[PDB]
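Enquirer: One structure coming up, written as structure tokens, with questions to follow.
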Amino acid sequence: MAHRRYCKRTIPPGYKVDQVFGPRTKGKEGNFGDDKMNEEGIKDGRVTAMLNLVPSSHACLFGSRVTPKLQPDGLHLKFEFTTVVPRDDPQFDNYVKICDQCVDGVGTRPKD
Amino acid sequence: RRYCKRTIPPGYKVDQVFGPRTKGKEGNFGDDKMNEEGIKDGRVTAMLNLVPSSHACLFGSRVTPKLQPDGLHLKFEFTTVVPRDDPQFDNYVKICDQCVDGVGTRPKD
């Protein structure tokens, strides 16, 4: 909702991803989500799974590589945060399989 | 899956949670003052205004998975823009100038 900073927006019940965070892409901003995670938003249980891998505020600020870039329109501040899920993590397989599905997953749906 | 959910409680330095501050690498945010003071630094609080929420990081990011022998490396690249005419622009710019790759410096300048 529109009275929040874009970066602070959250996807409320019954909204599509695309929606709060724009259409799903490939190899750009907003590339996470297939056609079914887009439609179900927080309904999709793969979402709940995935948020376990999203940095907190603190982690995002202090655990990322942070790169400022000034441009005529202002300051673009990029946080690059990489979560490592160890190959022996009980949820490794699931996490890999979600990412599979949804990273650049526009135009596709799961179940195979 | 949990390092990434860490937060810095009161009395902790950044580097007692997120490792020593670096330059051009992971953990590059925070000068010696900010590292020392952790969440007590007034600049942190402002800077957290620019950090994506959970949902915005997942879905507003460019997300890139890489499998390596060690496991899955999930990278989120999220860019926040502060407009040149934002009342907070000059402030954000200065904090970034102090804190980005700021290890080994302190404010007052």
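Letters for chains follow the order of the structure tokens (A, B, ...), residue numbers begin at 1 for each chain, and ligand numbers begin at 1 in the order shown.
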Using only C-alpha atoms, determine which residues of chain B fall within 8 Å of chain A; present them as a PyMOL selection string.

Expert: chain B and resi 1-8+14+18+24-30+47-65+69-85+89+93+96+100

Enquirer: Which residues in stretch 28-96 of chain A does DSSP call alpha helix (DSSP H)? List them as number ranges by chain.

Expert: A: 35-40, 45-50, 57-62, 92-96

Enquirer: Please produce an output containing C-alpha atoms for each residue in the selection, written as a PDB file, in the first residue's frame.

Expert:
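See again_3.pdb below for the written result:
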ATOM      1  CA  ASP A  35       2.765 -17.914 -12.386  1.00  0.00           C
ATOM      2  CA  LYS A  36       1.309 -19.689  -9.355  1.00  0.00           C
ATOM      3  CA  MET A  37       3.287 -17.918  -6.670  1.00  0.00           C
ATOM      4  CA  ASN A  38       2.371 -14.689  -8.336  1.00  0.00           C
ATOM      5  CA  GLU A  39      -1.390 -15.595  -8.151  1.00  0.00           C
ATOM      6  CA  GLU A  40      -1.474 -17.074  -4.693  1.00  0.00           C
ATOM      7  CA  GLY A  45       3.293 -22.128   1.161  1.00  0.00           C
ATOM      8  CA  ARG A  46       6.532 -22.008  -0.833  1.00  0.00           C
ATOM      9  CA  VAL A  47       6.512 -18.318   0.167  1.00  0.00           C
ATOM     10  CA  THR A  48       6.544 -18.997   3.870  1.00  0.00           C
ATOM     11  CA  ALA A  49       9.374 -21.486   3.272  1.00  0.00           C
ATOM     12  CA  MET A  50      11.331 -18.894   1.295  1.00  0.00           C
ATOM     13  CA  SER A  57      16.703  -5.672   8.380  1.00  0.00           C
ATOM     14  CA  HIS A  58      19.933  -5.920  10.391  1.00  0.00           C
ATOM     15  CA  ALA A  59      21.274  -8.785   8.390  1.00  0.00           C
ATOM     16  CA  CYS A  60      20.305  -6.987   5.163  1.00  0.00           C
ATOM     17  CA  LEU A  61      22.136  -3.774   6.247  1.00  0.00           C
ATOM     18  CA  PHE A  62      25.161  -5.332   8.017  1.00  0.00           C
ATOM     19  CA  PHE A  92      18.236 -27.835   1.269  1.00  0.00           C
ATOM     20  CA  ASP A  93      16.298 -30.024  -1.208  1.00  0.00           C
ATOM     21  CA  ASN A  94      13.059 -28.128  -0.826  1.00  0.00           C
ATOM     22  CA  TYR A  95      14.834 -24.687  -1.030  1.00  0.00           C
ATOM     23  CA  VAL A  96      16.649 -25.777  -4.226  1.00  0.00           C
TER      24      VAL A  96
END

Enquirer: May I have the residues within 9 Å of residue B:13 as a PDB file with C-alpha atoms, in the first residue's frame, using only C-alpha atoms and disregarding those fewer than 6 positions away in the same chain?

Expert:
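As written to disk, around27.pdb reads:
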ATOM      1  CA  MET B  34      28.686   2.523  13.884  1.00  0.00           C
ATOM      2  CA  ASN B  35      30.287  -0.867  14.494  1.00  0.00           C
ATOM      3  CA  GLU B  36      31.109   0.156  18.077  1.00  0.00           C
ATOM      4  CA  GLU B  37      27.671   1.511  18.865  1.00  0.00           C
ATOM      5  CA  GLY B  38      25.493  -0.959  17.011  1.00  0.00           C
ATOM      6  CA  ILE B  39      21.811  -0.070  17.226  1.00  0.00           C
TER       7      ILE B  39
END

Enquirer: Enumerate, as a list in words, the complete set of residues in stretch 36-81 of chain A that a backbone-based DSSP assignment places in strand (DSSP E).

Expert: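 Matching residues for strand (DSSP E) in stretch 36-81 of chain A are residues 65, 66, 67, 68, 69, 70, 71, 74, 75, 76, 77, 78, 79, 80 and 81 of chain A.
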
Enquirer: Record the distance separating atom CA of residue A:105 and atom CA of residue A:34, expressed in Å with one decimal.

Expert: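 Atom CA of residue A:34 lies at a distance of 4.1 Å from atom CA of residue A:105.
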
Enquirer: In Å, how far is it from atom CA of residue B:31 to atom CA of residue B:99?

Expert: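 If I compute the distance from atom CA of residue B:31 to atom CA of residue B:99, I get 4.6 Å.
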
Enquirer: Please, what distance in Å, to one decimal, runs between atom CA of residue B:92 and atom CA of residue B:41?

Expert: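 About the pair atom CA of residue B:92 and atom CA of residue B:41: they are 14.1 Å apart.
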